[PDB]
Ligand SMILES: CCCCCCCCCCCCCCCCCC(=O)SCCNC(=O)CCNC(=O)[C@H](O)C(C)(C)COP(=O)(O)OP(=O)(O)OC[C@H]1O[C@@H](n2cnc3c(N)ncnc32)[C@H](O)[C@@H]1OP(=O)(O)O
Ligand SMILES: CCCCCCCC/C=C\CCCCCCCCOC(=O)[C@H](O)CO
Ligand SMILES: [Zn+2]
Ligand SMILES: [Zn+2]
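Residue numbers (the authors' numbering): 40 to 361.
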């Protein structure tokens, strides 16, 4: 059925394929390459600095990880890219601040790539085309120029819903000072001042390592979740169910389900099963900050499993009622 007719720019289009001849060579962006290397070097140095950190520093890092995660999953992903539920201003203010902490480009840019990632999955119009391998879909696409198909096909996507949202456009306008404050400055000064953590530890652990972990956990949804796992809902696509990815990406590891039903607010068959994001949204709904949560019916899901499933769903039947 059509449970979300307000938006259809994330529906997979099997019609579009790569038929423009041999693909052009990759064009390296050395500025991004250098910065990405230095970031992971600093993050690695943070790991060996963890045992010398205070308890609050480690706890603050986890808190900042989880909050930033919600900014991507509950906000950039399920809310603004897919429109799977409606959030009121206080929650949207939280999510837009949380998203800014995560530093994965502004919401508008994030959703524009993501809608293209769903419509033209596994093609040259897919920003993280998994056909190019693990490395490209993981981080490689952030180091090279986008394929012309991304710009052309993606440019035909409707983004007017995000253009008309004042909060989204507000973040885009002031994204540079925002990301500097929320992703680098504040999470470094807070441990430095509040519980007397050293500046070195706060910089490499509470900022560099944390941000590095958020990135790679997110990137695993593009790489690992497109290569390893089962496909209980649709075997014809490359999206996979990955439990480990769900743990790291607070519930975004059920990727086979999600690509099959991009309009589901839980991004999974079961709501709270290894899905902290859905649990968060449901809590917000209890407070009256969120509503119009769209869940695919059991009948539709069960019928799709019969039609295009790989047969691995038999082991996950009747886990929960919801
Ligand atoms: C724990 C949390 C777990 C969360 C799990 C959530 C899972 C969700 C599902 C998986 C998705 C997750 C993916 C998100 C992760 C990636 C985010 C980051 O890492 S970012 C990390 C930090 N951020 C970074 O590191 C940034 C690094 N990236 C870059 O520097 C560049 O983007 C580039 C070098 C990669 C491409 O360079 P280049 O080829 O020169 O292309 P340009 O970009 O410069 O575009 C210029 C023009 O092209 C046009 N156009 C482009 N795209 C589209 C489109 N999709 N459509 C239409 N048009 C498009 C447009 O006109 C644009 O103009 P304008 O918008 O300016 O007006
Ligand atoms: C207590 C001692 C800690 C020592 C290390 C501190 C490192 C500080 C730096 C970054 C924090 C990383 C936290 C990642 C949590 C991911 C599981 C998140 O998973 C979940 O919340 C659900 O399982 C997902 O559905
Ligand atoms: Zn995907
Ligand atoms: Zn999605």
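Every residue, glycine too, gets a C-beta built ideally from N, C-alpha and C.
Straight-line gap, residue i to residue j (C-alpha atoms, nearest Å)
i, j, result
"residue 146", "residue 81", "26 Å"
"residue 304", "residue 294", "13 Å"
"residue 162", "residue 212", "31 Å"
"residue 310", "residue 361", "6 Å"
"residue 89", "residue 181", "28 Å"
"residue 141", "residue 249", "10 Å"
"residue 133", "residue 328", "11 Å"
"residue 313", "residue 281", "11 Å"
"residue 333", "residue 276", "23 Å"
"residue 131", "residue 61", "43 Å"
"residue 159", "residue 255", "23 Å"
"residue 263", "residue 279", "8 Å"
"residue 268", "residue 74", "32 Å"
"residue 348", "residue 354", "13 Å"
"residue 173", "residue 207", "31 Å"
"residue 227", "residue 242", "5 Å"
Opening and closing residue of the alpha helix (DSSP H) in which residue i lies
i, result
"residue 238", "238 to 242"
"residue 96", "94 to 109"
"residue 225", "225 to 233"
"residue 388", "As shown, the chain starts at 40 and ends at 361. That puts residue 388 outside it, with no answer to give."
"residue 134", "128 to 141"
"residue 28", "With the chain covering 40 to 361 only, the question about residue 28 has no answer from this structure."
"residue 155", "146 to 158"
When the options are compared against residue i, the one with the closest alpha-carbon
i, options, result
"residue 325", "165, 127, 261", "127"
"residue 257", "287, 153, 175", "287"
"residue 152", "141, 347, 261", "261"
"residue 210", "312, 269, 174, 115", "115"
"residue 410", "68, 351, 158", "Nothing can be reported for residue 410: it is not among the residues displayed for the chain, which extend from 40 to 361."
"residue 125", "347, 321, 246", "321"
"residue 110", "138, 117, 59, 52", "138"
"residue 199", "103, 56, 119, 84", "119"
Residue i Cβ short of 7 Å to ligand 3 heavy atom set
i, result
"residue 156", "yes"
"residue 278", "yes"
"residue 281", "no"
Contact test: residue i Cβ vs ligand 2 heavy atom, cutoff 7 Å
i, result
"residue 89", "yes"
"residue 343", "no"
"residue 315", "yes"
Residue i beta carbon near ligand 1 (any heavy atom closer than 7 Å)
i, result
"residue 113", "no"
"residue 149", "yes"
Contact test: residue i Cβ vs ligand 4 heavy atom, cutoff 7 Å
i, result
"residue 51", "no"
"residue 120", "yes"
> Can you list the alpha helix (DSSP H) stretches of 4 or more residues lying completely in the region 299 to 336, in chain order?
Replying inline: 315 to 325
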